[PDB]
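S.K.: Structure provided below as structure tokens; questions to follow.
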8 protein chains.
Amino acid sequence: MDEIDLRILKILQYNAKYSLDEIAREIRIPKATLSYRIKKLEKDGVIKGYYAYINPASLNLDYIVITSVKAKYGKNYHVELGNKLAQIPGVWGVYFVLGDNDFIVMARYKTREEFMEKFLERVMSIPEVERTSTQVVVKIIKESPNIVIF
Amino acid sequence: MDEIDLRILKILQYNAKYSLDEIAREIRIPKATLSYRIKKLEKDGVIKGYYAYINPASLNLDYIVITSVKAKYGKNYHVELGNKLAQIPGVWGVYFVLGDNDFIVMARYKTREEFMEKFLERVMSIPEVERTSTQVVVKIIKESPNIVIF
Amino acid sequence: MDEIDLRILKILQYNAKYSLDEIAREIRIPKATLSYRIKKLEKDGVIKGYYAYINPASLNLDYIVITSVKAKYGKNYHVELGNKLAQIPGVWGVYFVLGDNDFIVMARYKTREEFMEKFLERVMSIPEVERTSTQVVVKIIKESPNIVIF
Amino acid sequence: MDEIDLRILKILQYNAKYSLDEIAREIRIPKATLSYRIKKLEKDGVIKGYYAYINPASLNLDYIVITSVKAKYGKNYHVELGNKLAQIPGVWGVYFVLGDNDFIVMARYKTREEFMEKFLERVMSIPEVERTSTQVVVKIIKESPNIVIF
Amino acid sequence: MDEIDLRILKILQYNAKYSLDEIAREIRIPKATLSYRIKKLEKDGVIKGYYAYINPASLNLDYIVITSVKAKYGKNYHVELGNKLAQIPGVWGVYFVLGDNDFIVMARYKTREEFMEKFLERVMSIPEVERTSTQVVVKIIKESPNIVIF
Amino acid sequence: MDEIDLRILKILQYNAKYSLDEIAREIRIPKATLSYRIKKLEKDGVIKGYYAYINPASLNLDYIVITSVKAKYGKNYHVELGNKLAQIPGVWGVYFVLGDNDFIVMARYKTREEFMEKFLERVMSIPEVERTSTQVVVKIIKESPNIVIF
Amino acid sequence: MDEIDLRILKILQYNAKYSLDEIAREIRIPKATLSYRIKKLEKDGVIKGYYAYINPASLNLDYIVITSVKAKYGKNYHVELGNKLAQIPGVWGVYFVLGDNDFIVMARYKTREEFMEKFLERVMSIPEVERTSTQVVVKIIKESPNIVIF
Amino acid sequence: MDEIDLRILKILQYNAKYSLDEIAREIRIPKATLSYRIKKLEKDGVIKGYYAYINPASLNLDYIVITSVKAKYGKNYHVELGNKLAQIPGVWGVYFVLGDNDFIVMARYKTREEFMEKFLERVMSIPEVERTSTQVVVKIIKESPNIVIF
Ligand SMILES: NC(=O)CC[C@H](N)C(=O)O
Ligand SMILES: NC(=O)CC[C@H](N)C(=O)O
Ligand SMILES: NC(=O)CC[C@H](N)C(=O)O
Ligand SMILES: NC(=O)CC[C@H](N)C(=O)O
Ligand SMILES: NC(=O)CC[C@H](N)C(=O)O
Ligand SMILES: NC(=O)CC[C@H](N)C(=O)O
Ligand SMILES: NC(=O)CC[C@H](N)C(=O)O
Ligand SMILES: NC(=O)CC[C@H](N)C(=O)O
Ligand SMILES: [Mg+2]
Ligand SMILES: [Mg+2]
Ligand SMILES: [Mg+2]
Ligand SMILES: [Mg+2]
């Protein structure tokens, strides 16, 4: 990629439905070239897709959690435990980390009860889990993972 | 919203450039109605936008961190500290949480040095910060915040 | 329930033996209506009972503890462990919680020895327990769980 | 008090509206004597009152928390901080404790937002507070503080 | 015991070889009575013995430790683990405690190597031990366990 | 000192009132020599005194604590803080330690209230104190600091 | 550098006084070329020097510590605090780290007293220090920082 | 050793290739005597070798870690676990320590991936490991283990 590709990506990361004519006018390059560049970025795996940003609040997803997981160590436990956590409905983020915990899990649910049934009751049965500590999110100050270029 | 709106959203959350004809064929409703429903969802704030999912690895964003923040308590410190953390380049997530820490921050950088200059050196000067503990992400097992409907 | 039911409950939560005539005079409604409303609240399960508030100090209950419990995780451990903790004489509160511990237990005893025999020696034998940490209450500043309406 | 007083209290602690005739029949003593004994227990401060046990769930009190507080030490900080915590609407229990924290606070609210406005935003402004850690109650297994005699 | 017994004990707790004539002169009571009182205190188990206070430094006991022990819970583990810890040469204090640890052990050795061989290597083999954390004493500010009356 | 001095000390550390004739018979040395050796040990500071071992339980000292102290760092804080802690009535041991805490304090009181007034309320006013964590002793398995030679 | 430079370095990292003839014979290259390559590595800063590995035990350096430091945050505190720690006699390693602590310090002393005077008493006066936790090394299993190529 | 040996060592610890003539001129002793003294120090094991100080950065060793290890206790676990940790490529320091952890491990790798494959994936399979916490080094302020004489 080059300087122009980054400028294109900087626009698409926050507004993917901005018309080709509008993008071409902003960056200052031929539309045909813009189309070619975007197709290449998709072909090369830089742009992996396009998603609609849906307001979780509109779906009543008010029970937001960040759970730290301590594992029972064993050969390749990170693979086994990581994948089991990733399969839980409501879990959108699973990170293998360095520190006093081994995994950080990001999840969303509508209520305390849903969270207990879909998440807590599933996690407690995973053999690779020693224990977990869930941090309830009182307020989301910022959640814009789509912004990769500042 | 109704059952049909959810099915539309379930598709748009992972593939927003799927054609109207294809979406209409999958859900089984008139294209004109589909267009109307989508426009209403955007007008009502359910769909807040459309973004291109860019592979962070393609931008060499290999230094991924999850930082826990302990604050110096004071009136409305959550607002003041939260906003200062949110303004840091590279920070995409800022959560006010319950537990032994007060904020959880998600950030991405290309290198250790960039992380130190843009993030660590900025955070250490924020008066509302007591201290922080950064968890380095060794491997991202899953990061699909776009999926709001399972 | 309505606004009037709440006012009635606000009185009964701290003084259940206040006469019907006195309550009717305070809220300003017919005694017959007050009686009907109270009976309905009991029938609907809002008022689950009436208790005498006994001063624990009068019973020499001077050894007051708040114990945090870390569990050995397993399928439905919260049910099994929670119920075993709830059965211990002297234990009045058992809460399944989010955080670095899994249960918080509230108990009262007359002495250190009674606490050790009835509580500590029982808890240490429960297989679902990894370990516990007991916080001794030096002084109860406030303990009015009966107040549900502020 | 004597053996008979304890038996009377054991009944009143869970059912204070049980008729005098019924209580007298259960314990086996004259009604006049029972009335005298109860009046004496009230006069002596053993029975401090009578309350209606209201189901918190009926009032939508679904946000239940147990907050640990670390104080900024100073002369008589336990008195000053304890009283400020006790004054917060929704807080029913405040305990000065031994251990890694100095106070344990029990509170109830209807929602996350109410909890943030009435509790979190008030606590963060108290000068005697170093920091706090809130444990969200996922499920109340038992909460019968009225039972003082097992 | 009475006021006079306490005054006698207050003297014997720090100087047991003070002559009977000197003690009688200080407290103001007949020597025969003083002798009788002391014999009674010994007979009743108040005075369990008389020891020479030996300066540990004179024996090169420079490796002073305070070890916290986390146990593997089980029926009567406090008895079993407590006794095994008490049998270790060099260990003079073993306390069953409330908090994040279960036992506190006080020990003294001449060197790091002696401490490792006699204490660490013995403790690591005790099945009731989950783990321990040893706090090395850099300086003893005060160690006068003989003073029971201030 | 020599081998004989150690054997003498091994006896005096647990029974200082054992007669000279009995000690001489046990160790096998002339009484005159034994007396000379003991006087020399006292003169050289090896034997710093003789105390009566008083059973704390006989004095109702049932509230036994081991308190960890975190200090506010500053020049020679260990001297200043250590001495202030050592002056508190009821405190018999004060140790400057390595680890997550800076001092370990051993104290004894008759009741919870005495402990709060004499110890807690005094410690909270010491400026060099950041905070403390008190571990209540449920049972003393062993407390024989007089034994220096095993 | 190339494959040959690495082989040369792999030898020099553990035996720098191995003769040129011996090194040339082992790697299989002309001595003149070996000399040229080594001089270039020194000129380019790859080889920063040559040191004698002295056995710390021979210097009675028996008090080995690894100290974790929590800082008082502020602008560029890592620079200021890091440099002050690095200036302390006996300190050979100072690392700015991610996690619950901010610096890890490696030091060596002959005795507990030397450690207290040269290290502890100096660190406690540094304003940028919140507190520290020192881990005493009981046994060095391995300490070969000179090995950079495995 | 004597005063002169220490002065010789103080020079060799940072510059082992300083010529004999230069060292003799600095310390003020005959070259023949200097040679004899150095040979004796090597023969006596004081000087265990001579190494080239290679700049780790020149080898792209940018992933620097300090890992704390909690062990599963058992007979001689320190020997077994210590040796297994010492065998891992990239690990240069292994210390058996006192405190909340049992071992501190110092290691170096070129990248996050290398660190995960060579270190993390190996450590997680060691049966004697309960868990670990890795502290990533953001900046090395000082790393001069060769300096044994200050
Ligand atoms: N999985 C491992 O090998 C160790 C992970 C652990 N969280 C650490 O930081 O060391
Ligand atoms: N900001 C506050 O009032 C408290 C926040 C803190 N993290 C807690 O869980 O209690
Ligand atoms: N039981 C579970 O699944 C987890 C409970 C744990 N206390 C937490 O907060 O995550
Ligand atoms: N307030 C105090 O003096 C100390 C209280 C502290 N929680 C402790 O356990 O020691
Ligand atoms: N042994 C037990 O039952 C619990 C002991 C633990 N240290 C506590 O404080 O709760
Ligand atoms: N006083 C100091 O300098 C440090 C003491 C601290 N407890 C430690 O272990 O490092
Ligand atoms: N200095 C900083 O900004 C933070 C350092 C802290 N140790 C962390 O891991 O976050
Ligand atoms: N290995 C042991 O016996 C105990 C080691 C532990 N790290 C401690 O400090 O006590
Ligand atoms: Mg998206
Ligand atoms: Mg009640
Ligand atoms: Mg004694
Ligand atoms: Mg070297």
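Numbers and lists here come from the model and the stated rules, or from a named source; nothing here is a laboratory result. Counting neighbours? That spans all protein chains shown, and the Cβs are built from the backbone with ideal geometry, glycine included.
S.K.: Would you point out which residue out of B:139, B:110, B:84 is more than 16 Å from ligand 9 (Cβ to nearest atom), closer than 30 Å to residue A:5 by Cβ, touching a residue at least 40 places away in the same chain (Cβ under 8 Å) and among the basic types (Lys, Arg)? Show your work before the answer.
M.R.: Working: B:139 fails: touching a residue at least 40 places away in the same chain (Cβ under 8 Å); B:84 fails: closer than 30 Å to residue A:5 by Cβ.
Being more than 16 Å from ligand 9 (Cβ to nearest atom), closer than 30 Å to residue A:5 by Cβ, touching a residue at least 40 places away in the same chain (Cβ under 8 Å) and among the basic types (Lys, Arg) holds for just one of B:139, B:110, B:84, which is B:110.
S.K.: When you scan the stretch G:68-77, do you find a residue that is assigned by CATH to the domain that holds residue G:132, within 20 Å of the chain's Cα centre (by Cα) and closer than 23 Å to residue H:96 by Cα, even just one?
M.R.: So in the stretch G:68-77, the residues assigned by CATH to the domain that holds residue G:132 come out as G:68-77.
Then keep just the ones that are within 20 Å of the chain's Cα centre (by Cα); that gives G:68-69.
Add one more test, that the residue is closer than 23 Å to residue H:96 by Cα, and what stays is G:68-69.
Yes, some residue in the stretch G:68-77 is assigned by CATH to the domain that holds residue G:132, within 20 Å of the chain's Cα centre (by Cα) and closer than 23 Å to residue H:96 by Cα.
S.K.: Could you list, in sequence order, all residues of the stretch D:1-47 that are of a type in the set (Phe, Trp, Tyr) and touching an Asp or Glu at 6+ places or on another chain (Cβ under 9 Å)?
M.R.: First, the residues of the stretch D:1-47 that are of a type in the set (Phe, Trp, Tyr): D:14, D:18, D:36.
Correct list: D:18 only.
S.K.: If you scan the stretch F:71-81, which residues turn out to be charged (D, E, K, R) and touching a residue at least 12 places away in the same chain (Cβ under 8 Å)?
M.R.: We begin by selecting, within the stretch F:71-81, every residue charged (D, E, K, R); these are F:72, F:75, F:80.
Those that are charged (D, E, K, R) and touching a residue at least 12 places away in the same chain (Cβ under 8 Å): F:72, F:80.
S.K.: Let me ask another. So, residue D:59, is that one buried (at least 18 other Cβ atoms within 10 Å of the Cβ), within 21 Å of the chain's Cα centre (by Cα) and of a type in the set (A, V, I, L, M, F, W, C) or not?
M.R.: no
S.K.: It is to be established whether one or more residues within the stretch B:84-101 are surrounded by fewer than 21 Cβ atoms within 10 Å (Cβ to Cβ) and among the hydroxyl-bearing types (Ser, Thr, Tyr).
M.R.: No: the stretch B:84-101 contains no residue that is surrounded by fewer than 21 Cβ atoms within 10 Å (Cβ to Cβ) and among the hydroxyl-bearing types (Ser, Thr, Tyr).
S.K.: OK, next. Report every pair of residues separated by at least 6 positions or lying on different chains whose Cβ atoms are under 8 Å apart, first residue within the stretch B:38-49 and in contact (Cβ under 8 Å) with a residue 40 or more places away in the chain and more than 7 Å from every other protein chain (Cβ to nearest Cβ), second surrounded by 13 or more Cβ atoms within 10 Å (Cβ to Cβ) and part of a loop (DSSP other than H, G, I, E, B).
M.R.: These pairs meet every condition: B:41/B:1.
S.K.: With the requirement that a residue be among the basic types (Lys, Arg) and in contact with a helix residue (DSSP H, G or I) (Cβ under 8 Å, 6 or more places away or on another chain), what does the stretch B:82-133 give you?
M.R.: Going through the stretch B:82-133, the residues among the basic types (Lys, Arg) turn out to be B:84, B:108, B:110, B:112, B:118, B:122, B:131.
Those that are among the basic types (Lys, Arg) and in contact with a helix residue (DSSP H, G or I) (Cβ under 8 Å, 6 or more places away or on another chain): B:108, B:110.
S.K.: Please pick out the residue among H:68, H:133, H:35 that is more than 8 Å from every other protein chain (Cβ to nearest Cβ) and either in contact (Cβ under 8 Å) with a residue 60 or more places away in the chain or within 30 Å of residue B:114 (Cβ to Cβ) (or both).
M.R.: H:68
S.K.: In this structure, does residue H:114 turn out to be surrounded by fewer than 21 Cβ atoms within 10 Å (Cβ to Cβ), in the same structural domain as residue H:66 (by CATH) and more than 16 Å from residue H:56 (Cβ to Cβ)?
M.R.: Working: surrounded by fewer than 21 Cβ atoms within 10 Å (Cβ to Cβ): yes; in the same structural domain as residue H:66 (by CATH): yes; more than 16 Å from residue H:56 (Cβ to Cβ): no.
It is false that residue H:114 is surrounded by fewer than 21 Cβ atoms within 10 Å (Cβ to Cβ), in the same structural domain as residue H:66 (by CATH) and more than 16 Å from residue H:56 (Cβ to Cβ).
S.K.: Go through the stretch C:95-111 and count every residue that is polar (S, T, N, Q) and at the interface with chain D (Cβ under 9 Å from one of its Cβ atoms).
M.R.: Residues that pass the stated criteria total 1.
S.K.: Which ones in the stretch C:1-15 are over 13 Å from residue C:35 (Cα atoms) and of a type in the set (A, V, I, L, M)? Write out each step before concluding.
M.R.: We begin by selecting, within the stretch C:1-15, every residue over 13 Å from residue C:35 (Cα atoms); these are C:1-3, C:6-7, C:10-11, C:13-15.
Correct list: C:1, C:6, C:11.
S.K.: Among (1) within 29 Å of residue G:101 (Cα to Cα); (2) crowded, with 19+ Cβ neighbours inside 10 Å, there is one condition residue A:140 misses while meeting the rest; what is its number?
M.R.: Status for residue A:140: all satisfied but (2).
S.K.: Looking at (1) in a loop (DSSP other than H, G, I, E, B); (2) in contact with a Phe, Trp or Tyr (Cβ under 6 Å, 6 or more places away or on another chain); (3) in contact (Cβ under 8 Å) with a residue 40 or more places away in the chain, which one does residue E:145 not meet, given that it meets all the others?
M.R.: Only one criterion in (1) in a loop (DSSP other than H, G, I, E, B); (2) in contact with a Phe, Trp or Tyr (Cβ under 6 Å, 6 or more places away or on another chain); (3) in contact (Cβ under 8 Å) with a residue 40 or more places away in the chain is unmet by residue E:145, namely (3).
S.K.: If you go through the stretch G:114-130, how many residues are within 18 Å of residue E:135 (Cβ to Cβ) and without any contact (Cβ under 8 Å) to a residue 24 or more places away in the chain? Show your work before the answer.
M.R.: Our first condition is that a residue be within 18 Å of residue E:135 (Cβ to Cβ); within the stretch G:114-130, this holds for G:115-116, G:119-120, G:123-124.
From what is left, the residues that are without any contact (Cβ under 8 Å) to a residue 24 or more places away in the chain are G:116, G:120, G:124.
The qualifying residues number 3.
S.K.: Which residues, taken from the stretch G:1-44, are under 21 Å from the mean Cα position of the chain (by Cα), among the basic types (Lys, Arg) and in a loop (DSSP other than H, G, I, E, B)?
M.R.: G:17
S.K.: May I pose another question? How many of the residues making up the stretch H:6-32 are over 17 Å from residue G:16 (Cα atoms) and more than 12 Å from chain G (Cβ to nearest Cβ)? Spell out the reasoning first.
M.R.: Taking the stretch H:6-32 and keeping what is over 17 Å from residue G:16 (Cα atoms), we get H:6-8, H:10, H:21-32.
Cutting the leftovers down to more than 12 Å from chain G (Cβ to nearest Cβ) gives us H:7, H:21-22, H:24-32.
Selection size over the stretch H:6-32: 12.
S.K.: Of the residues in the stretch G:38-50, how many are out of contact with any strand residue (DSSP E or B) (no Cβ under 6 Å at 6 or more places or on another chain) and surrounded by 13 or more Cβ atoms within 10 Å (Cβ to Cβ)? Steps first, answer last, please.
M.R.: Filtering the stretch G:38-50 for residues out of contact with any strand residue (DSSP E or B) (no Cβ under 6 Å at 6 or more places or on another chain) gives G:38-40, G:42-46.
Now restrict to residues that are surrounded by 13 or more Cβ atoms within 10 Å (Cβ to Cβ): G:38, G:40, G:42, G:46.
Result for the stretch G:38-50: 4.
S.K.: For the stretch F:76-94, enumerate the residues that are at the interface with another protein chain (Cβ under 8 Å from one of its Cβ atoms) and either under 21 Å from residue G:69 (Cβ atoms) or more than 11 Å from ligand 6 (Cβ to nearest atom) (or both).
M.R.: As a first pass, look at the stretch F:76-94 and keep what is at the interface with another protein chain (Cβ under 8 Å from one of its Cβ atoms): F:76-78, F:82-83, F:85-86, F:89-94.
F:76, F:77, F:78, F:83, F:85, F:86, F:89, F:90, F:91, F:92, F:93, F:94, listed by residue number.
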